[PDB]
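Here the structure comes first, spelled out in structure tokens, and everything after it is commentary.
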Amino acid sequence: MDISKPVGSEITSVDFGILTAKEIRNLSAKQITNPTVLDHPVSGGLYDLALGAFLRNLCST
Amino acid sequence: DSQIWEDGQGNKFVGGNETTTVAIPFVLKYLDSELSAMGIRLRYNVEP
Amino acid sequence: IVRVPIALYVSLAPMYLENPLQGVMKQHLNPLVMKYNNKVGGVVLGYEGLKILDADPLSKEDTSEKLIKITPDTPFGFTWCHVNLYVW
Amino acid sequence: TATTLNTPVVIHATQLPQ
Amino acid sequence: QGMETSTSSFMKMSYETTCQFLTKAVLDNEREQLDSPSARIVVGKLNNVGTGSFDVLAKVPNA
Amino acid sequence: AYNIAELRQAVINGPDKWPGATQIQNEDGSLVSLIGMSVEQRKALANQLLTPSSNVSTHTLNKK
Amino acid sequence: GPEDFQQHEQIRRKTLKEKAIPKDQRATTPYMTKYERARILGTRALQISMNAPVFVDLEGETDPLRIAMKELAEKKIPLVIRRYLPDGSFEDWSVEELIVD
Ligand SMILES: [Zn+2]
């Protein structure tokens, strides 16, 4: 914790809730379809570049 | 026009432009991801 | 040119813990001049009437000694402020 | 930049532009 | 057993049977205000006991 | 302005000669390391340790 | 909009005033607790190490905590302890107002 970078906001409280199917379809980056992870990441697979950067591959999001 | 922000994959859309920066443990972020895998949401009520 | 009163939430430096008005001005208000703001809706052409709110509500507003809330893990202080901006 | 040292945390409009 | 009647569920789920107290806290849409020390350290906020029992204010000399 | 008597000495000492400075955090958060550095360069850095900030956006900070 | 924020701010400040306890009826300890002393020393040390103006005369010392202890001895610490009651009510004691030990 650097003391030269103050944080203004603060988490007052956290309330548990249910993640509905509509918002996750709205918030998601891409849908994962084929059950193949690698051939290099499989486009549309679990390690797709839309779910984050992966081994010098810049994230596509 | 001003409030239009794009994506790397070309999906440009207008939406949340009101975000802050709080200080949290990273294990909190991992726990949030794990709970989202369970279909559970946690709302974090930022004070200001 | 429209005068737009706004309420801020700015940081106060221990260097400026002795003239908080000029501290807030030079930390936040002075950068905002001649720069468009994504909140108000126009380029800010200046400012005036900067008044700092008090963290102690019972203090009379005519006093000159106000309270600023120090960050628990940082010597910086965050307080609410009111100021009018000249917006074109 | 854009630290909590040059930009306000929140800019809120107190009243309508007058 | 005796822990169930408690405002904070972060404390109980950190104690044990994490899945059960999580389902109970999500069915009731429980909102804990981060009071117990366990919740404070889960969310990484300054504790309430001891030196966190109060707040420190600075008396600036200009209004 | 009251600490450069010992911190400059520690920077001149370097990471190996106790008491010394392993790193010199700049105003903008840059964390320079003195481990792979020579004595003359450490002395130069310690001489430039306490300088006025050239950037307005980082004029409310001091080097660590 | 602006009026919604105005009423939100008014409600917040009204709640704040309703929680504050005026100086004439606070019923907390007149002394400064050990936790209050330690945190006031730590915060003042943070502030002075962050290039704050100082009031006491330095005797060649360079430890910020030692300078803060010197200020506390001279009662020159410009800080206020906001003691929080369990229900959210708070009393604003001043450092000079409190008696150290
Ligand atoms: Zn990404």
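As shown in the structure tokens, the chain order sets the letters A, B, ...; within each chain, residues go from 1, and ligands are also counted from 1 in the order they appear.
Here the strand (DSSP E or B) residues in segment 8-40 of chain C, by DSSP on the backbone, are residues 8, 9, 10, 11, 12 and 36 of chain C.
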Expected file contents, prior selection, N, CA and C atoms, as a tab-separated table (two decimals), in the first residue's frame:
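After the write, out.tsv holds the following:
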```tsv
chain	number	residue	atom	x	y	z
C	8	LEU	N	-18.20	18.97	-5.28
C	8	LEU	CA	-17.02	18.15	-5.53
C	8	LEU	C	-16.75	17.23	-4.35
C	9	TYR	N	-15.83	16.29	-4.57
C	9	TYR	CA	-15.27	15.44	-3.52
C	9	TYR	C	-13.79	15.32	-3.85
C	10	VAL	N	-12.99	16.20	-3.26
C	10	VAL	CA	-11.60	16.38	-3.66
C	10	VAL	C	-10.68	15.92	-2.54
C	11	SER	N	-9.40	15.79	-2.87
C	11	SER	CA	-8.37	15.36	-1.93
C	11	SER	C	-7.54	16.56	-1.48
C	12	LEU	N	-7.13	16.54	-0.22
C	12	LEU	CA	-6.32	17.60	0.35
C	12	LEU	C	-4.97	17.04	0.77
C	36	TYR	N	-12.70	20.53	-21.38
C	36	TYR	CA	-14.08	20.06	-21.38
C	36	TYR	C	-14.28	19.01	-20.30
```
query: Which residues sit within 12 Å of ligand 1, counting only C-alpha atoms and all ligand atoms, listed as a PyMOL selection string?
result: (chain A and resi 28-30+47-54+57-61) or (chain B and resi 7-9)
Please write the residues from the selection above to a file, keeping N, CA, C and O atoms, as a JSON list (two decimals), in the first residue's frame.
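Saved file result.json follows:
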```
[["chain", "number", "residue", "atom", "x", "y", "z"],
["A", 28, "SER", "N", -21.31, -10.58, -20.66],
["A", 28, "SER", "CA", -20.26, -11.49, -21.08],
["A", 28, "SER", "C", -19.52, -10.96, -22.30],
["A", 28, "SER", "O", -20.04, -10.15, -23.08],
["A", 29, "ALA", "N", -18.27, -11.42, -22.46],
["A", 29, "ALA", "CA", -17.47, -11.01, -23.61],
["A", 29, "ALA", "C", -17.73, -11.90, -24.82],
["A", 29, "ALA", "O", -17.89, -11.39, -25.94],
["A", 30, "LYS", "N", -17.77, -13.21, -24.62],
["A", 30, "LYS", "CA", -18.07, -14.14, -25.70],
["A", 30, "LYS", "C", -18.61, -15.43, -25.10],
["A", 30, "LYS", "O", -18.39, -15.74, -23.93],
["A", 47, "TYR", "N", -10.01, -20.90, -23.59],
["A", 47, "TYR", "CA", -8.91, -19.94, -23.54],
["A", 47, "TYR", "C", -9.03, -18.88, -24.63],
["A", 47, "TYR", "O", -8.01, -18.36, -25.09],
["A", 48, "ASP", "N", -10.25, -18.55, -25.05],
["A", 48, "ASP", "CA", -10.44, -17.55, -26.09],
["A", 48, "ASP", "C", -9.86, -16.21, -25.65],
["A", 48, "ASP", "O", -9.80, -15.89, -24.46],
["A", 49, "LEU", "N", -9.44, -15.42, -26.63],
["A", 49, "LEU", "CA", -8.81, -14.13, -26.36],
["A", 49, "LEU", "C", -9.79, -13.09, -25.85],
["A", 49, "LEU", "O", -9.36, -12.00, -25.45],
["A", 50, "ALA", "N", -11.10, -13.37, -25.88],
["A", 50, "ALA", "CA", -12.08, -12.46, -25.30],
["A", 50, "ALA", "C", -12.20, -12.60, -23.79],
["A", 50, "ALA", "O", -12.78, -11.72, -23.15],
["A", 51, "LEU", "N", -11.67, -13.68, -23.21],
["A", 51, "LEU", "CA", -11.68, -13.88, -21.77],
["A", 51, "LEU", "C", -10.38, -13.46, -21.11],
["A", 51, "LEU", "O", -10.11, -13.88, -19.97],
["A", 52, "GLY", "N", -9.57, -12.65, -21.78],
["A", 52, "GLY", "CA", -8.33, -12.18, -21.20],
["A", 52, "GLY", "C", -7.11, -12.46, -22.04],
["A", 52, "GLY", "O", -7.11, -13.38, -22.87],
["A", 53, "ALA", "N", -6.05, -11.68, -21.83],
["A", 53, "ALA", "CA", -4.79, -11.92, -22.52],
["A", 53, "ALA", "C", -4.18, -13.24, -22.07],
["A", 53, "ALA", "O", -4.35, -13.67, -20.92],
["A", 54, "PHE", "N", -3.45, -13.89, -22.98],
["A", 54, "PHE", "CA", -2.96, -15.24, -22.72],
["A", 54, "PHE", "C", -1.65, -15.44, -23.47],
["A", 54, "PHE", "O", -1.65, -15.63, -24.69],
["A", 57, "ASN", "N", -0.50, -13.04, -26.17],
["A", 57, "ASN", "CA", -1.64, -12.71, -27.01],
["A", 57, "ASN", "C", -2.43, -11.60, -26.33],
["A", 57, "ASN", "O", -3.00, -11.81, -25.25],
["A", 58, "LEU", "N", -2.47, -10.43, -26.95],
["A", 58, "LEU", "CA", -3.23, -9.32, -26.40],
["A", 58, "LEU", "C", -4.72, -9.68, -26.36],
["A", 58, "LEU", "O", -5.26, -10.24, -27.31],
["A", 59, "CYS", "N", -5.36, -9.35, -25.23],
["A", 59, "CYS", "CA", -6.77, -9.63, -25.07],
["A", 59, "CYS", "C", -7.58, -8.94, -26.16],
["A", 59, "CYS", "O", -7.34, -7.78, -26.49],
["A", 60, "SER", "N", -8.55, -9.67, -26.72],
["A", 60, "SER", "CA", -9.37, -9.12, -27.78],
["A", 60, "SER", "C", -10.52, -8.27, -27.26],
["A", 60, "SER", "O", -11.26, -7.70, -28.06],
["A", 61, "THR", "N", -10.68, -8.18, -25.94],
["A", 61, "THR", "CA", -11.70, -7.33, -25.34],
["A", 61, "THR", "C", -11.17, -5.93, -25.05],
["A", 61, "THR", "O", -11.73, -4.94, -25.52],
["B", 7, "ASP", "N", -14.72, -1.61, -28.13],
["B", 7, "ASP", "CA", -14.02, -2.78, -27.62],
["B", 7, "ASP", "C", -12.93, -3.19, -28.59],
["B", 7, "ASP", "O", -12.86, -2.72, -29.73],
["B", 8, "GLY", "N", -12.04, -4.07, -28.12],
["B", 8, "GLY", "CA", -11.03, -4.62, -29.00],
["B", 8, "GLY", "C", -11.61, -5.46, -30.11],
["B", 8, "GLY", "O", -11.12, -5.46, -31.24],
["B", 9, "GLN", "N", -12.69, -6.19, -29.81],
["B", 9, "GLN", "CA", -13.35, -7.06, -30.78],
["B", 9, "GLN", "C", -14.39, -6.33, -31.61],
["B", 9, "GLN", "O", -15.20, -6.98, -32.28]]
```
message: Near chain B, meaning an atom within 7 Å, which residues of chain A appear when counting only C-alpha atoms? Write them as an MDAnalysis selection string.
response: chainID A and resid 7 9:19 60:61
- prompt: Distance atom CA of residue 37 of chain F-atom CA of residue 24 of chain F, one decimal place?
  reply: 12.1 Å
Residue neighbourhood residue 5 of chain D, 9 Å, only C-alpha atoms, exclusion window fewer than 6 positions, as a PyMOL selection string: (chain A and resi 5-6) or (chain C and resi 10-13+27-28) or (chain F and resi 57-58+60)
Grab the residues selected above and save them as a JSON list (two decimals), in the first residue's frame with N, CA and C atoms.
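Full text of part.json as output:
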```
[["chain", "number", "residue", "atom", "x", "y", "z"],
["A", 5, "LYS", "N", -0.78, 7.45, -2.96],
["A", 5, "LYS", "CA", -1.89, 7.28, -3.90],
["A", 5, "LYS", "C", -3.15, 7.04, -3.08],
["A", 6, "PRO", "N", -3.75, 8.10, -2.55],
["A", 6, "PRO", "CA", -4.95, 7.93, -1.72],
["A", 6, "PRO", "C", -6.13, 7.43, -2.54],
["C", 10, "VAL", "N", -12.99, 16.20, -3.26],
["C", 10, "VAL", "CA", -11.60, 16.38, -3.66],
["C", 10, "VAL", "C", -10.68, 15.92, -2.54],
["C", 11, "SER", "N", -9.40, 15.79, -2.87],
["C", 11, "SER", "CA", -8.37, 15.36, -1.93],
["C", 11, "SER", "C", -7.54, 16.56, -1.48],
["C", 12, "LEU", "N", -7.13, 16.54, -0.22],
["C", 12, "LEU", "CA", -6.32, 17.60, 0.35],
["C", 12, "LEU", "C", -4.97, 17.04, 0.77],
["C", 13, "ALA", "N", -3.89, 17.69, 0.33],
["C", 13, "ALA", "CA", -2.52, 17.27, 0.60],
["C", 13, "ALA", "C", -2.01, 17.86, 1.91],
["C", 27, "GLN", "N", -4.95, 21.79, -6.75],
["C", 27, "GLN", "CA", -4.99, 20.36, -7.03],
["C", 27, "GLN", "C", -6.04, 20.02, -8.08],
["C", 28, "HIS", "N", -7.23, 20.61, -7.99],
["C", 28, "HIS", "CA", -8.35, 20.18, -8.82],
["C", 28, "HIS", "C", -8.88, 21.27, -9.73],
["F", 57, "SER", "N", 1.22, 18.05, -12.24],
["F", 57, "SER", "CA", 0.32, 16.99, -11.77],
["F", 57, "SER", "C", 0.92, 16.17, -10.64],
["F", 58, "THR", "N", 2.23, 16.24, -10.43],
["F", 58, "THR", "CA", 2.92, 15.50, -9.38],
["F", 58, "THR", "C", 3.76, 16.44, -8.53],
["F", 60, "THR", "N", 2.68, 17.53, -5.55],
["F", 60, "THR", "CA", 2.26, 17.33, -4.17],
["F", 60, "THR", "C", 2.83, 16.03, -3.59]]
```
Within 9 Å of chain G, which residues of chain D show up when using only C-alpha atoms, listed as a short mmCIF file (atom, residue, chain, number, x, y, z; two decimals) with C-alpha atoms, in the first residue's frame?
```cif
data_model
loop_
_atom_site.label_atom_id
_atom_site.label_comp_id
_atom_site.auth_asym_id
_atom_site.auth_seq_id
_atom_site.Cartn_x
_atom_site.Cartn_y
_atom_site.Cartn_z
CA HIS D 12 -22.25 16.19 -8.93
CA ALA D 13 -24.52 18.92 -10.27
CA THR D 14 -26.04 20.76 -7.31
CA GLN D 15 -28.73 22.54 -9.35
CA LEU D 16 -29.71 23.19 -12.95
#
```
message: Could you tell me which residues of chain D sit within 10 Å of chain A when counting only C-alpha atoms, and give me the result as a list in words?
response: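 That gives residues 3, 4, 5, 8, 9 and 10 of chain D for chain D.
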Write the residues of the selection above to a file with C-alpha atoms, as a short mmCIF file (atom, residue, chain, number, x, y, z; two decimals), in the first residue's frame.
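What landed in selection.cif:
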```
data_model
loop_
_atom_site.label_atom_id
_atom_site.label_comp_id
_atom_site.auth_asym_id
_atom_site.auth_seq_id
_atom_site.Cartn_x
_atom_site.Cartn_y
_atom_site.Cartn_z
CA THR D 3 -5.07 9.79 -9.84
CA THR D 4 -7.01 11.01 -6.81
CA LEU D 5 -4.73 14.07 -6.84
CA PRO D 8 -12.28 15.07 -8.12
CA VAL D 9 -13.67 11.72 -7.01
CA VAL D 10 -17.23 12.74 -7.95
#
```
query: So which bits of chain A end up alpha helix (DSSP H) when you DSSP the backbone, as JSON, numbers by chain?
result: {"A": [21, 22, 23, 24, 25, 26, 27]}
Preceding selection exported with N, CA and C atoms as a PDB file, in the first residue's frame:
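Writing the result to part_1.pdb gives the following:
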```pdb
ATOM      1  N   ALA A  21     -29.882 -14.760 -15.750  1.00  0.00           N
ATOM      2  CA  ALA A  21     -29.370 -15.163 -17.056  1.00  0.00           C
ATOM      3  C   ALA A  21     -29.297 -13.994 -18.029  1.00  0.00           C
ATOM      4  N   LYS A  22     -30.141 -12.978 -17.848  1.00  0.00           N
ATOM      5  CA  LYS A  22     -30.170 -11.869 -18.796  1.00  0.00           C
ATOM      6  C   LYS A  22     -28.935 -10.987 -18.663  1.00  0.00           C
ATOM      7  N   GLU A  23     -28.537 -10.669 -17.429  1.00  0.00           N
ATOM      8  CA  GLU A  23     -27.407  -9.766 -17.238  1.00  0.00           C
ATOM      9  C   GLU A  23     -26.090 -10.427 -17.626  1.00  0.00           C
ATOM     10  N   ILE A  24     -25.938 -11.725 -17.348  1.00  0.00           N
ATOM     11  CA  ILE A  24     -24.700 -12.404 -17.719  1.00  0.00           C
ATOM     12  C   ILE A  24     -24.590 -12.527 -19.232  1.00  0.00           C
ATOM     13  N   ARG A  25     -25.710 -12.771 -19.915  1.00  0.00           N
ATOM     14  CA  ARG A  25     -25.692 -12.696 -21.370  1.00  0.00           C
ATOM     15  C   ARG A  25     -25.374 -11.285 -21.842  1.00  0.00           C
ATOM     16  N   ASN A  26     -25.787 -10.271 -21.079  1.00  0.00           N
ATOM     17  CA  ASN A  26     -25.462  -8.896 -21.442  1.00  0.00           C
ATOM     18  C   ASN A  26     -24.004  -8.553 -21.146  1.00  0.00           C
ATOM     19  N   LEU A  27     -23.481  -8.983 -19.995  1.00  0.00           N
ATOM     20  CA  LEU A  27     -22.153  -8.557 -19.565  1.00  0.00           C
ATOM     21  C   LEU A  27     -21.022  -9.382 -20.165  1.00  0.00           C
TER      22      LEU A  27
END
```
message: Distance limit 12 Å, atoms considered: only C-alpha atoms. Which chain G residues sit that close to chain A? Return them as a VMD selection string.
response: chain G and resid 43 46 to 47 49 to 51
Mind dumping the selected residues with N, CA and C atoms as a PDB file, in the first residue's frame?
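Generated file (again_26.pdb):
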```pdb
ATOM      1  N   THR G  43      -0.821   9.220  12.534  1.00  0.00           N
ATOM      2  CA  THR G  43      -1.364  10.079  11.489  1.00  0.00           C
ATOM      3  C   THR G  43      -0.575  11.376  11.371  1.00  0.00           C
ATOM      4  N   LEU G  46       2.603  10.521   9.586  1.00  0.00           N
ATOM      5  CA  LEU G  46       2.324  10.417   8.157  1.00  0.00           C
ATOM      6  C   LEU G  46       2.252  11.797   7.520  1.00  0.00           C
ATOM      7  N   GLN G  47       1.519  12.713   8.156  1.00  0.00           N
ATOM      8  CA  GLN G  47       1.327  14.041   7.585  1.00  0.00           C
ATOM      9  C   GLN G  47       2.649  14.788   7.467  1.00  0.00           C
ATOM     10  N   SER G  49       5.761  13.532   7.476  1.00  0.00           N
ATOM     11  CA  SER G  49       6.589  12.853   6.489  1.00  0.00           C
ATOM     12  C   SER G  49       6.107  13.110   5.072  1.00  0.00           C
ATOM     13  N   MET G  50       4.848  13.516   4.906  1.00  0.00           N
ATOM     14  CA  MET G  50       4.330  13.941   3.613  1.00  0.00           C
ATOM     15  C   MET G  50       4.472  15.441   3.394  1.00  0.00           C
ATOM     16  N   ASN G  51       5.491  16.062   3.994  1.00  0.00           N
ATOM     17  CA  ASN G  51       5.872  17.447   3.712  1.00  0.00           C
ATOM     18  C   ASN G  51       4.822  18.442   4.209  1.00  0.00           C
TER      19      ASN G  51
END
```
Distance table requested - chain G against chain C, cut-off 10 Å, only C-alpha atoms: one row per qualifying residue with the closest atom pair and its distance in Å to one decimal, ordered by chain and rising residue number, as CSV.
```
residue,atom,partner,partner_atom,distance
G:2,CA,C:6,CA,8.9
G:5,CA,C:7,CA,9.4
G:6,CA,C:7,CA,9.4
G:9,CA,C:7,CA,9.5
G:13,CA,C:57,CA,7.4
G:14,CA,C:57,CA,8.6
G:15,CA,C:57,CA,9.7
G:16,CA,C:57,CA,6.6
G:17,CA,C:57,CA,5.2
G:18,CA,C:57,CA,8.9
G:19,CA,C:57,CA,9.2
G:20,CA,C:58,CA,7.0
G:21,CA,C:58,CA,8.2
G:22,CA,C:58,CA,6.9
G:23,CA,C:58,CA,9.2
G:39,CA,C:72,CA,9.4
G:42,CA,C:75,CA,9.6
G:43,CA,C:75,CA,6.4
G:44,CA,C:75,CA,7.9
G:45,CA,C:75,CA,8.7
G:46,CA,C:75,CA,5.5
G:47,CA,C:75,CA,5.0
G:48,CA,C:14,CA,7.4
G:49,CA,C:14,CA,9.0
G:50,CA,C:14,CA,6.2
G:51,CA,C:15,CA,5.5
G:52,CA,C:15,CA,4.5
G:53,CA,C:15,CA,6.7
G:78,CA,C:17,CA,9.8
G:79,CA,C:67,CA,8.6
G:80,CA,C:67,CA,7.9
G:82,CA,C:56,CA,9.5
G:90,CA,C:56,CA,9.8
G:91,CA,C:56,CA,9.6
G:92,CA,C:56,CA,7.8
```
Nearest residue to chain D from the set F:15, F:36, F:29, F:52 (distances using only C-alpha atoms):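 Closest to chain D of all the choices is F:29.
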task: Specify as a VMD selection string all residues of chain F found within 10 Å of chain G, counting only C-alpha atoms.
output: chain F and resid 1 to 6 60 to 63
- request: For chain E, list the residues within 6 Å of chain G, counting only C-alpha atoms, and write the list as a PyMOL selection string.
  value: chain E and resi 51+54-59
Write the residues of the preceding selection, restricted to N, CA, C and O atoms, as a short mmCIF file (atom, residue, chain, number, x, y, z; two decimals), in the first residue's frame.
```
data_model
loop_
_atom_site.label_atom_id
_atom_site.label_comp_id
_atom_site.auth_asym_id
_atom_site.auth_seq_id
_atom_site.Cartn_x
_atom_site.Cartn_y
_atom_site.Cartn_z
N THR E 51 -7.64 0.91 17.54
CA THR E 51 -7.39 2.23 16.97
C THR E 51 -8.35 2.58 15.85
O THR E 51 -8.30 3.72 15.36
N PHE E 54 -12.53 5.05 16.18
CA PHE E 54 -12.84 6.47 16.04
C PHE E 54 -12.37 6.92 14.66
O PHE E 54 -12.00 6.11 13.81
N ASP E 55 -12.39 8.24 14.45
CA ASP E 55 -11.88 8.84 13.23
C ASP E 55 -11.04 10.05 13.59
O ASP E 55 -11.19 10.63 14.67
N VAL E 56 -10.15 10.42 12.68
CA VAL E 56 -9.23 11.53 12.89
C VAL E 56 -9.58 12.63 11.90
O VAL E 56 -9.68 12.38 10.69
N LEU E 57 -9.78 13.84 12.41
CA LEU E 57 -10.12 15.00 11.61
C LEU E 57 -9.01 16.04 11.72
O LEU E 57 -8.35 16.15 12.76
N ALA E 58 -8.82 16.80 10.66
CA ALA E 58 -7.78 17.82 10.60
C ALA E 58 -8.41 19.21 10.68
O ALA E 58 -9.32 19.53 9.91
N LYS E 59 -7.92 20.02 11.61
CA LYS E 59 -8.43 21.38 11.81
C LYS E 59 -7.68 22.33 10.88
O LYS E 59 -6.67 22.93 11.26
#
```
query: Could you work out how far atom CA of residue 87 of chain C lies from atom CA of residue 43 of chain C, giving the answer in Å with one decimal?
result: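 Distance between the two atoms: 5.7 Å.
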- prompt: What residues in chain E lie within 7 Å of chain B, counting only C-alpha atoms, written as a list in words?
  reply: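 Residues passing the distance filter: residues 42, 43 and 44 of chain E.
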Based on the selection just made, write C-alpha atoms of those residues as a PDB file, in the first residue's frame.
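Saved result, part30.pdb, follows:
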```pdb
ATOM      1  CA  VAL E  42     -12.597 -10.067   3.688  1.00  0.00           C
ATOM      2  CA  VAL E  43     -13.315  -6.683   2.075  1.00  0.00           C
ATOM      3  CA  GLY E  44      -9.989  -5.192   3.194  1.00  0.00           C
TER       4      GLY E  44
END
```
- prompt: Which value, in Å to one decimal, gives the distance between atom CA of residue 1 of chain B and atom CA of residue 29 of chain C?
  reply: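 Separating atom CA of residue 1 of chain B from atom CA of residue 29 of chain C is a distance of 26.1 Å.
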Who sits within 9 Å of residue 11 of chain E, only C-alpha atoms, same chain under 4 positions skipped, as an MDAnalysis selection string: chainID E and resid 6 15:16 36:39
